[PDB]
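Here is entry.cif, consisting of mmCIF, C-alpha atoms (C1' of nucleotides) and all ligand atoms:
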```cif
data_start
#
loop_
_atom_site.label_atom_id
_atom_site.label_comp_id
_atom_site.auth_asym_id
_atom_site.auth_seq_id
_atom_site.Cartn_x
_atom_site.Cartn_y
_atom_site.Cartn_z
CA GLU A 2 0.00 0.00 0.00
CA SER A 3 2.16 2.86 1.37
CA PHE A 4 5.94 3.15 0.92
CA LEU A 5 6.76 4.84 4.20
CA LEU A 6 4.44 2.71 6.31
CA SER A 7 6.10 -0.60 5.66
CA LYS A 8 9.37 1.17 6.41
CA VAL A 9 7.99 2.48 9.70
CA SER A 10 6.51 -0.91 10.58
CA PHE A 11 9.78 -2.61 9.66
CA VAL A 12 11.79 -0.33 11.96
CA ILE A 13 9.43 -0.71 14.89
CA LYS A 14 9.93 -4.47 14.70
CA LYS A 15 13.68 -4.20 14.16
CA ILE A 16 14.13 -2.13 17.30
CA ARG A 17 11.69 -4.27 19.24
CA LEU A 18 13.79 -7.37 18.59
CA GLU A 19 17.10 -5.56 19.04
CA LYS A 20 15.94 -4.61 22.54
CA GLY A 21 14.87 -8.20 23.17
CA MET A 22 11.30 -7.06 23.74
CA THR A 23 8.21 -9.02 22.91
CA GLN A 24 5.15 -7.53 21.30
CA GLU A 25 3.08 -7.46 24.41
CA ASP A 26 5.69 -5.75 26.55
CA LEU A 27 5.90 -3.05 23.91
CA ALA A 28 2.11 -2.96 23.81
CA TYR A 29 2.18 -2.19 27.52
CA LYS A 30 5.05 0.26 27.62
CA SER A 31 3.54 2.12 24.63
CA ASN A 32 0.18 2.27 26.33
CA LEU A 33 -1.59 0.90 23.29
CA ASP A 34 -3.52 -2.31 22.61
CA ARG A 35 -1.84 -5.73 22.42
CA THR A 36 -3.28 -6.31 18.95
CA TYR A 37 -2.32 -2.88 17.65
CA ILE A 38 1.40 -3.57 17.99
CA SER A 39 0.80 -6.84 16.20
CA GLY A 40 -1.29 -5.20 13.52
CA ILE A 41 1.36 -2.55 12.88
CA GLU A 42 4.13 -5.07 12.35
CA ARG A 43 1.98 -7.86 10.89
CA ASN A 44 0.32 -6.09 8.08
CA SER A 45 1.37 -2.55 8.05
CA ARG A 46 -1.18 -0.16 9.57
CA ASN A 47 -1.53 3.59 9.16
CA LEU A 48 -0.58 5.05 12.48
CA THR A 49 -0.74 8.52 13.78
CA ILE A 50 2.28 10.64 14.76
CA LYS A 51 0.97 10.59 18.35
CA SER A 52 0.78 6.82 18.28
CA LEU A 53 4.20 6.58 16.68
CA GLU A 54 5.52 8.75 19.50
CA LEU A 55 4.01 6.42 22.08
CA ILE A 56 5.69 3.50 20.45
CA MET A 57 9.01 5.32 20.41
CA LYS A 58 8.72 5.97 24.11
CA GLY A 59 7.87 2.27 24.41
CA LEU A 60 10.84 1.07 22.40
CA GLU A 61 12.75 3.17 24.92
CA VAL A 62 14.19 5.11 22.00
CA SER A 63 14.37 8.82 21.07
CA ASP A 64 12.48 10.54 18.21
CA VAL A 65 15.86 11.29 16.74
CA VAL A 66 17.43 7.82 16.74
CA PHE A 67 14.14 6.36 15.51
CA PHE A 68 14.14 8.63 12.51
CA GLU A 69 17.84 7.95 11.94
CA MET A 70 17.09 4.24 11.63
CA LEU A 71 14.05 5.08 9.54
CA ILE A 72 16.25 6.92 7.06
CA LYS A 73 18.69 4.00 6.92
CA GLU A 74 15.90 1.53 6.16
CA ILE A 75 14.43 3.68 3.39
CA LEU A 76 17.91 3.76 1.82
CA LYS A 77 18.27 0.03 1.22
CA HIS A 78 19.00 -2.40 -1.63
CA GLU B 2 -0.45 18.55 22.20
CA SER B 3 2.70 16.72 21.10
CA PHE B 4 6.30 17.83 20.66
CA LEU B 5 6.93 15.71 17.59
CA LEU B 6 3.64 16.68 16.06
CA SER B 7 4.60 20.32 16.47
CA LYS B 8 8.00 19.88 14.92
CA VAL B 9 6.48 17.91 12.07
CA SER B 10 4.05 20.74 11.40
CA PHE B 11 6.75 23.34 11.72
CA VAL B 12 8.87 21.42 9.23
CA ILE B 13 5.97 21.13 6.76
CA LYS B 14 5.49 24.89 6.99
CA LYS B 15 9.25 25.55 6.76
CA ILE B 16 9.68 23.56 3.56
CA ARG B 17 6.56 25.08 2.08
CA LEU B 18 8.09 28.54 2.56
CA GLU B 19 11.67 27.85 1.44
CA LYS B 20 9.96 26.67 -1.76
CA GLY B 21 7.83 29.83 -1.92
CA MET B 22 4.57 27.83 -1.89
CA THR B 23 1.22 28.94 -0.65
CA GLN B 24 -1.02 26.61 1.39
CA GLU B 25 -3.53 26.80 -1.42
CA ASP B 26 -0.86 25.49 -3.73
CA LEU B 27 0.41 22.90 -1.26
CA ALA B 28 -3.10 21.48 -1.05
CA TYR B 29 -3.59 21.52 -4.86
CA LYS B 30 -0.29 19.73 -5.36
CA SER B 31 -1.01 16.92 -2.97
CA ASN B 32 -4.77 16.71 -3.51
CA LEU B 33 -5.86 17.39 0.04
CA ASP B 34 -8.07 20.11 1.50
CA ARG B 35 -6.58 23.55 2.07
CA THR B 36 -8.28 23.85 5.45
CA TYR B 37 -6.72 20.49 6.20
CA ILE B 38 -3.26 21.85 5.44
CA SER B 39 -3.98 25.03 7.32
CA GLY B 40 -4.95 22.96 10.31
CA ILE B 41 -1.73 20.96 10.38
CA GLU B 42 0.42 24.11 10.18
CA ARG B 43 -1.40 25.71 13.11
CA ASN B 44 -0.69 22.34 14.74
CA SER B 45 -4.35 21.37 15.11
CA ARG B 46 -3.97 18.02 13.36
CA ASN B 47 -2.48 14.70 14.30
CA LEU B 48 -1.75 13.31 10.90
CA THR B 49 -1.16 9.75 9.89
CA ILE B 50 1.89 8.55 8.06
CA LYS B 51 -0.22 8.22 4.92
CA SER B 52 -1.22 11.84 5.09
CA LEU B 53 2.28 12.93 5.96
CA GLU B 54 3.35 11.09 2.83
CA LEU B 55 0.91 12.90 0.62
CA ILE B 56 2.19 16.18 1.97
CA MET B 57 5.78 15.26 1.24
CA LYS B 58 4.82 14.43 -2.33
CA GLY B 59 3.00 17.73 -2.54
CA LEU B 60 6.06 19.51 -1.20
CA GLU B 61 8.16 17.61 -3.76
CA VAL B 62 10.51 16.32 -1.11
CA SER B 63 11.78 12.85 -0.50
CA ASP B 64 11.04 11.03 2.74
CA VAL B 65 14.71 11.15 3.59
CA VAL B 66 15.11 14.87 3.07
CA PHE B 67 12.06 15.46 5.22
CA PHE B 68 13.32 13.43 8.10
CA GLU B 69 16.82 14.79 7.82
CA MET B 70 15.17 18.16 8.33
CA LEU B 71 12.82 16.96 11.01
CA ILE B 72 15.75 15.66 13.01
CA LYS B 73 17.59 18.93 12.76
CA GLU B 74 14.57 20.93 13.77
CA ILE B 75 14.04 18.55 16.71
CA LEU B 76 17.48 19.49 18.04
CA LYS B 77 16.60 23.13 18.86
CA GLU C 2 -14.37 -36.13 24.84
CA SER C 3 -14.87 -35.95 28.64
CA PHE C 4 -18.07 -35.38 30.58
CA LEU C 5 -16.59 -33.71 33.65
CA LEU C 6 -14.27 -31.45 31.67
CA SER C 7 -16.82 -29.53 29.69
CA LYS C 8 -18.71 -29.09 32.95
CA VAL C 9 -15.58 -27.78 34.64
CA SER C 10 -14.98 -25.69 31.52
CA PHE C 11 -18.51 -24.30 31.58
CA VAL C 12 -18.40 -23.36 35.27
CA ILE C 13 -15.09 -21.53 34.99
CA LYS C 14 -16.54 -19.31 32.27
CA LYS C 15 -19.89 -18.88 34.02
CA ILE C 16 -18.29 -17.61 37.20
CA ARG C 17 -15.83 -15.47 35.28
CA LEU C 18 -18.66 -13.58 33.57
CA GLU C 19 -20.77 -13.46 36.69
CA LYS C 20 -17.86 -11.54 38.23
CA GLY C 21 -17.52 -9.24 35.22
CA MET C 22 -14.00 -10.50 34.61
CA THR C 23 -12.40 -10.89 31.26
CA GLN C 24 -10.13 -13.72 30.25
CA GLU C 25 -7.28 -11.25 30.53
CA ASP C 26 -8.09 -10.41 34.16
CA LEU C 27 -8.54 -14.07 34.94
CA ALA C 28 -5.36 -15.40 33.41
CA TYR C 29 -3.91 -12.49 35.23
CA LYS C 30 -4.87 -13.45 38.71
CA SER C 31 -4.51 -17.15 38.09
CA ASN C 32 -0.97 -16.57 36.93
CA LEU C 33 -1.65 -18.68 33.84
CA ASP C 34 -1.37 -17.55 30.20
CA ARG C 35 -4.45 -15.88 28.65
CA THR C 36 -4.04 -18.46 25.96
CA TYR C 37 -4.64 -21.19 28.55
CA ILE C 38 -7.79 -19.62 30.03
CA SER C 39 -9.07 -19.31 26.47
CA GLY C 40 -8.02 -22.86 25.74
CA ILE C 41 -9.92 -24.16 28.75
CA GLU C 42 -13.18 -22.35 28.05
CA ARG C 43 -12.93 -22.97 24.30
CA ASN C 44 -12.05 -26.61 23.89
CA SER C 45 -12.63 -27.85 27.44
CA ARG C 46 -8.90 -28.63 27.99
CA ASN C 47 -7.73 -31.26 30.48
CA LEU C 48 -6.39 -29.32 33.40
CA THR C 49 -4.65 -30.46 36.47
CA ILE C 50 -6.14 -30.08 39.98
CA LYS C 51 -3.32 -27.63 40.77
CA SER C 52 -4.21 -25.55 37.76
CA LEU C 53 -7.88 -25.70 38.64
CA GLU C 54 -6.94 -24.51 42.12
CA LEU C 55 -5.10 -21.53 40.68
CA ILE C 56 -8.12 -20.66 38.61
CA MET C 57 -10.37 -20.84 41.63
CA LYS C 58 -8.06 -18.43 43.43
CA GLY C 59 -8.14 -16.30 40.30
CA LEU C 60 -11.95 -16.27 40.17
CA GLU C 61 -11.77 -15.06 43.76
CA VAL C 62 -13.91 -18.07 44.72
CA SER C 63 -13.42 -20.96 47.20
CA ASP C 64 -12.87 -24.69 46.63
CA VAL C 65 -16.26 -25.31 48.13
CA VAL C 66 -18.20 -22.66 46.21
CA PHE C 67 -16.73 -23.89 42.95
CA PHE C 68 -17.57 -27.49 43.56
CA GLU C 69 -21.08 -26.51 44.64
CA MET C 70 -21.65 -24.83 41.29
CA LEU C 71 -19.94 -27.75 39.58
CA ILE C 72 -22.49 -30.06 41.14
CA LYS C 73 -25.30 -27.78 39.99
CA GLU C 74 -24.10 -27.65 36.36
CA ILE C 75 -23.71 -31.45 36.24
CA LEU C 76 -27.29 -31.86 37.50
CA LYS C 77 -28.94 -29.81 34.82
CA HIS C 78 -31.62 -30.11 32.16
CA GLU D 2 1.92 -29.77 47.98
CA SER D 3 -1.68 -28.56 47.58
CA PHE D 4 -4.56 -28.54 50.03
CA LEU D 5 -7.14 -29.61 47.48
CA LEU D 6 -4.89 -32.30 46.06
CA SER D 7 -4.51 -33.90 49.47
CA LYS D 8 -8.22 -34.04 50.04
CA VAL D 9 -8.99 -35.33 46.60
CA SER D 10 -6.53 -38.10 47.43
CA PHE D 11 -7.88 -38.53 50.89
CA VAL D 12 -11.37 -38.81 49.45
CA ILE D 13 -10.24 -41.33 46.82
CA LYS D 14 -8.73 -43.40 49.59
CA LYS D 15 -11.79 -42.95 51.83
CA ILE D 16 -14.21 -44.21 49.20
CA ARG D 17 -11.97 -47.11 48.19
CA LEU D 18 -12.12 -48.26 51.80
CA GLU D 19 -15.80 -47.61 52.53
CA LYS D 20 -16.33 -49.97 49.59
CA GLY D 21 -13.76 -52.53 50.71
CA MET D 22 -11.47 -52.30 47.67
CA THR D 23 -7.77 -52.85 47.44
CA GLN D 24 -5.62 -50.51 45.33
CA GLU D 25 -4.95 -53.44 43.06
CA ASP D 26 -8.68 -53.67 42.45
CA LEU D 27 -9.24 -49.93 42.06
CA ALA D 28 -6.50 -49.95 39.44
CA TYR D 29 -8.08 -52.92 37.61
CA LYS D 30 -11.58 -51.45 37.72
CA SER D 31 -10.54 -48.06 36.41
CA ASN D 32 -8.06 -49.46 33.87
CA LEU D 33 -5.13 -47.55 35.37
CA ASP D 34 -1.76 -48.54 36.86
CA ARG D 35 -1.57 -49.73 40.46
CA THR D 36 1.59 -47.76 41.23
CA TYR D 37 -0.24 -44.83 39.67
CA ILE D 38 -2.97 -45.20 42.27
CA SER D 39 -0.57 -45.78 45.14
CA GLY D 40 1.07 -42.54 44.14
CA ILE D 41 -2.16 -40.58 44.25
CA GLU D 42 -3.11 -42.04 47.63
CA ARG D 43 0.21 -41.08 49.21
CA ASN D 44 -0.58 -37.88 47.26
CA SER D 45 2.47 -37.94 45.00
CA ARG D 46 0.32 -37.12 41.99
CA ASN D 47 -1.45 -34.11 40.62
CA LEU D 48 -4.29 -35.60 38.61
CA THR D 49 -5.99 -34.15 35.65
CA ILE D 50 -9.75 -34.06 35.63
CA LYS D 51 -9.74 -36.87 33.08
CA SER D 52 -7.82 -39.13 35.40
CA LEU D 53 -10.00 -38.22 38.31
CA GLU D 54 -12.94 -39.23 36.12
CA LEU D 55 -11.48 -42.64 35.50
CA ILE D 56 -10.93 -43.17 39.21
CA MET D 57 -14.52 -42.25 39.88
CA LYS D 58 -15.57 -44.83 37.28
CA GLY D 59 -13.38 -47.37 39.01
CA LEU D 60 -14.77 -46.53 42.43
CA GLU D 61 -18.23 -46.61 40.84
CA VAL D 62 -19.21 -43.26 42.23
CA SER D 63 -20.87 -40.50 40.32
CA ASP D 64 -19.17 -37.14 39.91
CA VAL D 65 -21.77 -35.65 42.17
CA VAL D 66 -21.29 -38.06 45.02
CA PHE D 67 -17.56 -37.60 44.77
CA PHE D 68 -17.82 -33.87 44.97
CA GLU D 69 -20.42 -33.91 47.70
CA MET D 70 -17.90 -35.96 49.66
CA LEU D 71 -14.90 -33.86 48.75
CA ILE D 72 -16.68 -30.77 50.00
CA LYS D 73 -17.54 -32.35 53.30
CA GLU D 74 -14.00 -33.59 53.66
CA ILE D 75 -12.70 -30.11 52.82
CA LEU D 76 -14.46 -28.51 55.80
CA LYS D 77 -12.31 -30.35 58.40
"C1'" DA E 1 -1.28 -56.83 49.09
"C1'" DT E 2 1.19 -51.78 49.07
"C1'" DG E 3 5.38 -48.49 48.41
"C1'" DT E 4 9.52 -47.23 46.30
"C1'" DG E 5 12.60 -45.53 42.58
"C1'" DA E 6 13.84 -44.51 38.32
"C1'" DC E 7 13.08 -44.42 33.55
"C1'" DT E 8 10.38 -43.19 28.84
"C1'" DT E 9 6.34 -40.83 26.30
"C1'" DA E 10 2.54 -38.46 26.18
"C1'" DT E 11 0.54 -34.31 27.17
"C1'" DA E 12 -0.30 -30.31 30.30
"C1'" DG E 13 1.22 -25.68 30.48
"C1'" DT E 14 4.20 -21.83 28.59
"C1'" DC E 15 5.55 -18.36 25.43
"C1'" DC E 16 5.30 -15.45 21.35
"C1'" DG E 17 2.69 -14.46 17.75
"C1'" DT E 18 -1.48 -14.20 14.03
"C1'" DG E 19 -6.22 -12.80 12.61
"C1'" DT E 20 -10.97 -11.15 13.68
"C1'" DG E 21 -15.47 -9.37 14.49
"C1'" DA E 22 -17.62 -5.12 17.29
"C1'" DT E 23 -17.37 -1.00 19.51
"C1'" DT E 24 -15.40 3.87 20.51
"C1'" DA E 25 -12.41 7.84 19.55
"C1'" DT E 26 -10.71 10.50 16.24
"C1'" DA E 27 -8.46 11.74 11.63
"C1'" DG E 28 -9.89 12.56 7.01
"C1'" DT E 29 -12.57 15.50 3.92
"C1'" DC E 30 -15.44 19.09 2.89
"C1'" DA E 31 -19.29 22.58 3.92
"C1'" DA E 32 -19.93 28.42 5.38
"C1'" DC E 33 -18.07 32.45 6.58
"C1'" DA E 34 -13.81 35.01 8.39
"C1'" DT E 35 -10.06 37.99 7.81
"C1'" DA F 1 -4.42 34.43 0.23
"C1'" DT F 2 -5.05 32.02 5.40
"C1'" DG F 3 -8.13 30.98 9.78
"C1'" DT F 4 -11.90 28.97 12.28
"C1'" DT F 5 -16.39 26.79 13.30
"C1'" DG F 6 -19.10 22.99 12.82
"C1'" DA F 7 -20.31 19.22 10.35
"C1'" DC F 8 -20.34 14.18 8.21
"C1'" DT F 9 -17.82 9.63 7.42
"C1'" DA F 10 -13.99 7.03 7.05
"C1'" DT F 11 -10.82 4.86 9.70
"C1'" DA F 12 -7.45 4.84 13.60
"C1'" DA F 13 -7.44 2.71 17.89
"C1'" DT F 14 -9.66 -0.17 21.58
"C1'" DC F 15 -11.39 -4.34 23.78
"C1'" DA F 16 -12.58 -9.18 24.40
"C1'" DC F 17 -11.61 -13.31 22.02
"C1'" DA F 18 -10.04 -17.33 19.00
"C1'" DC F 19 -6.28 -20.01 17.07
"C1'" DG F 20 -1.70 -21.84 15.75
"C1'" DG F 21 3.06 -23.52 16.25
"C1'" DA F 22 7.18 -24.46 19.18
"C1'" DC F 23 9.08 -25.06 23.18
"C1'" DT F 24 9.42 -26.60 28.42
"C1'" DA F 25 7.66 -28.76 32.54
"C1'" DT F 26 5.37 -32.50 34.24
"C1'" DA F 27 1.56 -36.06 34.39
"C1'" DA F 28 0.58 -40.39 32.37
"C1'" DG F 29 1.72 -44.98 32.03
"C1'" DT F 30 5.12 -49.11 32.67
"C1'" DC F 31 9.60 -51.57 34.32
"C1'" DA F 32 12.09 -53.60 38.51
"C1'" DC F 33 12.39 -54.44 43.60
"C1'" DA F 34 11.36 -53.70 47.76
"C1'" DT F 35 7.97 -54.82 52.09
MG MG G 101 -8.27 15.75 4.05
MG MG G 102 -1.27 -44.16 34.40
#
```
Rewrite the coordinates I just gave you, this time as structure tokens.
Ligand SMILES: [Mg+2]
Ligand SMILES: [Mg+2]
Amino acid sequence: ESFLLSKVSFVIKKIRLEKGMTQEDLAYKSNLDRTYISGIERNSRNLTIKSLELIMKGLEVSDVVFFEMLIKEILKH
Amino acid sequence: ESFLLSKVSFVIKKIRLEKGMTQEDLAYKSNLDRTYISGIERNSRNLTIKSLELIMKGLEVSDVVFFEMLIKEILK
Amino acid sequence: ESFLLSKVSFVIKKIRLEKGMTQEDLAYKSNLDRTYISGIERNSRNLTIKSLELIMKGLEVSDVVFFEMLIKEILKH
Amino acid sequence: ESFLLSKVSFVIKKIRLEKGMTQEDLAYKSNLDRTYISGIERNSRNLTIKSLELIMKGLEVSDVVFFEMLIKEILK
DNA sequence: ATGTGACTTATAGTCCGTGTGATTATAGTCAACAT
DNA sequence: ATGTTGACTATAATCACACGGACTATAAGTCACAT
């Protein structure tokens, strides 16, 4: 569907595994539904900047380093 | 409101201006509503990635250039 | 399958709803997985007395009270 | 160990005796292993409901009578 | 008769994830009138 | 030109649940040898 979305959803998962988190921890720490974290990674889903922020806080990661990894993923072949 | 959401909006407005675009024209170029655009720039909207993407295409700016800028703006 | 199991299964759910609990709450307080609580109610799984005991403690109900409702459900038409 | 588990077992042993059965015979009647039964009666086993059901069949006691008894036993 | 121990094998119970209908909050989109 | 106020309607986001596969702990079932 959307170019950027699958990149965002890819990076959320990448970080989540890097930090040895599971989906449902992240769902807690991000103060969003269990199934939403799944749905974001699983398919992609069209999240909101506010929701993205919540997830970033949950990944225990800064806006900045998130976007830095976002850029790197976009740039790949 | 949100810090990120504010910086996003600021960035959208910044790029629109360094390109000498009007809102009217930013909305024409991305096929969204001008009041919608207005709203974002006065930070009254919490856009989705999809919408953000349409706005980048309307600004004629790559995702990467946008985020490069968004990062810099984020750091005061 | 087993006669007693689906009865035990039924009564666990009945109580759980009577107390306005959700599976999530229950598996919570029973310190079992929410998958297992679902599994039990769903497909009448074959639990252990120890696990049943945990569920009773989770339902905030006593041995006695449970077995009294168990007897009732068995007796029904 | 568990409180319930001990009284299940106690009950199983109680009924086997009130009937005049040996373990050997409770095992035969319920098509289970004798050491299996001995284990339960010394309370070294944590039955599943299914197993309990087989032991009730062997004792020839309905679920209801078993639980009526277990309750009474439970209340000291 | 019953009670051990110790040793496989079935399965109970765990852990992480997928996929889904139904409801609620809210973004997406477009009016009217402002300046 | 841009701002703001309501609106309607799509959909983001929530909530309670089912379902699967893979792995770990342990109950199920059977030996040998006590007594
Ligand atoms: Mg719009
Ligand atoms: Mg056995």
> Which neighbours of segment 50-53 of chain B fall inside 9 Å, counting all atoms listed in the file, when residues of the same chain fewer than 6 positions from it are skipped, and could you give them as a PyMOL selection string?
Replying inline: (chain A and resi 3-6+9+47-50) or (chain B and resi 9+33) or (chain E and resi 28)
>> List as a ChimeraX atom specification the protein and nucleic acid residues near segment 56-70 of chain A, meaning an atom at most 6 Å away when all atoms listed in the file are counted, but skip any in the same chain fewer than 5 places from it.
In response: /A:27,30-31 /B:72
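The residues sitting within 6 Å of ligand MG 102 (chain G), with only C-alpha atoms (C1' of nucleotides) and all ligand atoms considered, come out as residues 33, 34 and 37 of chain D; 28 and 29 of chain F.
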> Which value, in Å to one decimal, gives the distance between atom CA of residue 42 of chain B and atom CA of residue 37 of chain A?
Replying inline: 28.1 Å
Fit target chain B, mobile chain D, all Cα in order, as a PDB file with C-alpha atoms, in the frame of the given file:
```pdb
ATOM      1  CA  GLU D   2      -0.335  18.710  22.193  1.00  0.00           C
ATOM      2  CA  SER D   3       2.752  16.708  21.170  1.00  0.00           C
ATOM      3  CA  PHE D   4       6.353  17.779  20.741  1.00  0.00           C
ATOM      4  CA  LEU D   5       6.910  15.736  17.607  1.00  0.00           C
ATOM      5  CA  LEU D   6       3.622  16.832  16.088  1.00  0.00           C
ATOM      6  CA  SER D   7       4.585  20.477  16.423  1.00  0.00           C
ATOM      7  CA  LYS D   8       7.884  19.972  14.700  1.00  0.00           C
ATOM      8  CA  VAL D   9       6.447  17.875  11.939  1.00  0.00           C
ATOM      9  CA  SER D  10       4.092  20.798  11.370  1.00  0.00           C
ATOM     10  CA  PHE D  11       6.819  23.325  11.764  1.00  0.00           C
ATOM     11  CA  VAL D  12       8.893  21.423   9.232  1.00  0.00           C
ATOM     12  CA  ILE D  13       5.966  21.184   6.798  1.00  0.00           C
ATOM     13  CA  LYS D  14       5.553  24.924   7.076  1.00  0.00           C
ATOM     14  CA  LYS D  15       9.313  25.534   6.803  1.00  0.00           C
ATOM     15  CA  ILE D  16       9.646  23.585   3.571  1.00  0.00           C
ATOM     16  CA  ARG D  17       6.516  25.113   2.051  1.00  0.00           C
ATOM     17  CA  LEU D  18       8.136  28.505   2.549  1.00  0.00           C
ATOM     18  CA  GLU D  19      11.704  27.672   1.512  1.00  0.00           C
ATOM     19  CA  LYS D  20      10.031  26.645  -1.750  1.00  0.00           C
ATOM     20  CA  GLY D  21       7.787  29.698  -1.986  1.00  0.00           C
ATOM     21  CA  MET D  22       4.444  27.867  -1.896  1.00  0.00           C
ATOM     22  CA  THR D  23       1.137  29.031  -0.571  1.00  0.00           C
ATOM     23  CA  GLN D  24      -1.057  26.649   1.445  1.00  0.00           C
ATOM     24  CA  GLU D  25      -3.535  26.797  -1.387  1.00  0.00           C
ATOM     25  CA  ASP D  26      -0.835  25.435  -3.666  1.00  0.00           C
ATOM     26  CA  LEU D  27       0.440  22.809  -1.229  1.00  0.00           C
ATOM     27  CA  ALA D  28      -3.131  21.570  -0.938  1.00  0.00           C
ATOM     28  CA  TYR D  29      -3.549  21.457  -4.743  1.00  0.00           C
ATOM     29  CA  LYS D  30      -0.219  19.723  -5.311  1.00  0.00           C
ATOM     30  CA  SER D  31      -0.815  17.037  -2.719  1.00  0.00           C
ATOM     31  CA  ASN D  32      -4.505  16.589  -3.585  1.00  0.00           C
ATOM     32  CA  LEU D  33      -5.648  17.436  -0.055  1.00  0.00           C
ATOM     33  CA  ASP D  34      -7.941  20.081   1.462  1.00  0.00           C
ATOM     34  CA  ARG D  35      -6.616  23.582   2.095  1.00  0.00           C
ATOM     35  CA  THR D  36      -8.298  23.899   5.490  1.00  0.00           C
ATOM     36  CA  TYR D  37      -6.783  20.498   6.201  1.00  0.00           C
ATOM     37  CA  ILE D  38      -3.336  21.951   5.607  1.00  0.00           C
ATOM     38  CA  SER D  39      -4.029  25.148   7.513  1.00  0.00           C
ATOM     39  CA  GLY D  40      -5.004  22.952  10.414  1.00  0.00           C
ATOM     40  CA  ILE D  41      -1.764  21.008  10.357  1.00  0.00           C
ATOM     41  CA  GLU D  42       0.316  24.182  10.126  1.00  0.00           C
ATOM     42  CA  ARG D  43      -1.364  25.750  13.153  1.00  0.00           C
ATOM     43  CA  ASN D  44      -0.827  22.180  14.431  1.00  0.00           C
ATOM     44  CA  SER D  45      -4.484  21.325  14.990  1.00  0.00           C
ATOM     45  CA  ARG D  46      -4.001  17.951  13.336  1.00  0.00           C
ATOM     46  CA  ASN D  47      -2.420  14.665  14.215  1.00  0.00           C
ATOM     47  CA  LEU D  48      -1.492  13.208  10.847  1.00  0.00           C
ATOM     48  CA  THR D  49      -1.185   9.630   9.921  1.00  0.00           C
ATOM     49  CA  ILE D  50       1.922   8.526   8.111  1.00  0.00           C
ATOM     50  CA  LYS D  51      -0.121   8.208   4.930  1.00  0.00           C
ATOM     51  CA  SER D  52      -1.149  11.827   5.085  1.00  0.00           C
ATOM     52  CA  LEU D  53       2.347  12.926   5.873  1.00  0.00           C
ATOM     53  CA  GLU D  54       3.396  11.024   2.751  1.00  0.00           C
ATOM     54  CA  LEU D  55       0.965  12.933   0.609  1.00  0.00           C
ATOM     55  CA  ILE D  56       2.227  16.234   1.972  1.00  0.00           C
ATOM     56  CA  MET D  57       5.763  15.223   1.163  1.00  0.00           C
ATOM     57  CA  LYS D  58       4.629  14.440  -2.390  1.00  0.00           C
ATOM     58  CA  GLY D  59       3.008  17.845  -2.553  1.00  0.00           C
ATOM     59  CA  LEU D  60       6.091  19.593  -1.220  1.00  0.00           C
ATOM     60  CA  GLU D  61       8.119  17.467  -3.644  1.00  0.00           C
ATOM     61  CA  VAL D  62      10.525  16.316  -0.999  1.00  0.00           C
ATOM     62  CA  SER D  63      11.678  12.792  -0.475  1.00  0.00           C
ATOM     63  CA  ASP D  64      10.982  10.995   2.786  1.00  0.00           C
ATOM     64  CA  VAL D  65      14.654  11.144   3.548  1.00  0.00           C
ATOM     65  CA  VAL D  66      15.036  14.859   3.085  1.00  0.00           C
ATOM     66  CA  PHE D  67      11.967  15.429   5.194  1.00  0.00           C
ATOM     67  CA  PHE D  68      13.287  13.344   8.010  1.00  0.00           C
ATOM     68  CA  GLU D  69      16.782  14.741   7.786  1.00  0.00           C
ATOM     69  CA  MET D  70      15.138  18.128   8.256  1.00  0.00           C
ATOM     70  CA  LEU D  71      12.781  17.038  10.995  1.00  0.00           C
ATOM     71  CA  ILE D  72      15.705  15.710  12.986  1.00  0.00           C
ATOM     72  CA  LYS D  73      17.638  18.918  12.676  1.00  0.00           C
ATOM     73  CA  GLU D  74      14.572  20.890  13.630  1.00  0.00           C
ATOM     74  CA  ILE D  75      14.022  18.584  16.611  1.00  0.00           C
ATOM     75  CA  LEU D  76      17.393  19.451  18.166  1.00  0.00           C
ATOM     76  CA  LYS D  77      16.430  23.104  18.871  1.00  0.00           C
TER      77      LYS D  77
END
```
> For the point (4.4, -50.6, 53.7) in file coordinates, what residues are within 6 Å, counting all atoms listed in the file? Give the answer as number ranges by chain?
Replying inline: E: 2-3; F: 35
>> Any residue with an atom at most 12 Å from ligand MG 101 (chain G) counts, using all atoms listed in the file. Which are they? Put them as a list in words.
In response: residues 28, 29, 31, 32, 33, 34, 35, 36, 37, 38, 39, 40, 41, 46, 47, 48, 49, 51, 52, 53, 55 and 56 of chain B; 27, 28, 29 and 30 of chain E; 9 and 10 of chain F
>> At a cut-off of 8 Å, which residues of chain D touch chain E? Count all atoms listed in the file and give the answer as a PyMOL selection string.
In response: chain D and resi 23-25+39
> Which is closest to chain B among F:21, F:27, F:12, F:7, if we use all atoms listed in the file?
Replying inline: F:12
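For residue 6 of chain F, the list of residues within 12 Å, based on only C-alpha atoms (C1' of nucleotides) and with local chain neighbours fewer than 5 positions off taken out, reads residues 30, 31, 32 and 33 of chain E.
Using all atoms listed in the file, the residues found no farther than 8 Å from segment 22-25 of chain C, other than those of its own chain fewer than 3 positions away, are residues 17, 18, 19, 28, 29, 35, 38 and 39 of chain C; 16 of chain F.
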> So which residues touch residue 42 of chain C within 9 Å, counting only C-alpha atoms (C1' of nucleotides), skipping near sequence neighbours fewer than 2 positions away, as a PyMOL selection string?
Replying inline: chain C and resi 7+9-14+37-40+44-46
Restricting it to C-alpha atoms, dump the selection as a compact mmCIF listing (two decimals), in the coordinates of the input.
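Result file again16.txt:
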```txt
# COMPACT_ATOMS: atom_id res chain seq x y z
CA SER C 7 -16.82 -29.53 29.69
CA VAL C 9 -15.58 -27.78 34.64
CA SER C 10 -14.98 -25.69 31.52
CA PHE C 11 -18.51 -24.30 31.58
CA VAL C 12 -18.40 -23.36 35.27
CA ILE C 13 -15.09 -21.53 34.99
CA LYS C 14 -16.54 -19.31 32.27
CA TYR C 37 -4.64 -21.19 28.55
CA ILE C 38 -7.79 -19.62 30.03
CA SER C 39 -9.07 -19.31 26.47
CA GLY C 40 -8.02 -22.86 25.74
CA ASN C 44 -12.05 -26.61 23.89
CA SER C 45 -12.63 -27.85 27.44
CA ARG C 46 -8.90 -28.63 27.99
```
